[PDB]
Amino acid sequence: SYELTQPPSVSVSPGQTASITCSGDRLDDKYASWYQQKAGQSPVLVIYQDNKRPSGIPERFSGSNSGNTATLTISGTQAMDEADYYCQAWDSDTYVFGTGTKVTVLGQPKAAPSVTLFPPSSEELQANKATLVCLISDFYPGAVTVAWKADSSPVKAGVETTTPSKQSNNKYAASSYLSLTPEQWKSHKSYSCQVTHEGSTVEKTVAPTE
């Protein structure tokens, strides 16, 4: 079917101007609308009929449609404008949403993560199970990557990692689990949780002999 293509990401500091584009065939003959979706919330209409603004929507949101490209412009972006933004149009009796753009506003100063690595509890080991838990806290921006090592080799099995979520101080926390058998846990010298945040890697290490 008809496709509306958006850049996946836009990163901006408060006060800068964010431009989100949306390309589609014959978009010039269509009315474009824009929806803002903040983390864990319903979408909100911010632009309709290419450039109109609903009541209550901040006037720093503006829209244009020209040359088969709709553009949502956020002038003087604020921290609260961080959201996913979706383009929408109509074609052949079909409402179509665009691929979506994550708009990051760097509202706080960069903060490196604190990493805390829990070994399997003796109670878990007595139930014949073993989970390493790696808590990643107090970092900003909210993006991080987790890698696990058994001795020095990369772990590619048994890993689950949550998407970061705000703490009550507006920094981000994240969580990662490595599920093992007790024999696998007890037969390695060490396990490490390696957290990469803005090109800098923080590491914590635990061992069966501690």
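Don't overthink the numbering: it's just position in the shown sequence, from 1.
If you average the Cα B factors in the entry, which is higher, 92-100 or 106-114?
Comparing 106-114 with 92-100, the higher average CA B-factor belongs to 106-114.
Do the CA atoms of 178-186 or those of 165-173 have the higher mean B-factor in the entry?
Between 178-186 and 165-173, it is 165-173.
Just to confirm, going by the entry's C-alpha B-factors, which of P54, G158, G142, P43 comes out highest?
Among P54, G158, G142, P43, the highest C-alpha B-factor in the entry belongs to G142.
How does the C-alpha B factor of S62 compare with the rest of the chain: lowest, middle or highest third?
Middle third of the chain for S62's C-alpha B-factor.
When the deposited Cα B-factors of this chain's modelled residues are ordered and cut into thirds, is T71 in the lowest, the middle or the highest one?
Its C-alpha B-factor belongs to the middle third of this chain's values.
Just say lowest, middle or highest third for the CA B-factor of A39 relative to the other modelled residues in its chain.
Its C-alpha B-factor, which the entry lists for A39, ranks in the middle third among residues of this chain.
Looking at the entry's B-factor column for C-alpha atoms only, identify whether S153 ranks in the lowest, middle or highest third of its chain.
Within its chain, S153 is a middle-third residue by C-alpha B-factor, going by the deposited values.
Comparing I136 with the other modelled residues of its chain, is its CA B-factor in the lowest, middle or highest third?
It falls in the middle third of the chain.
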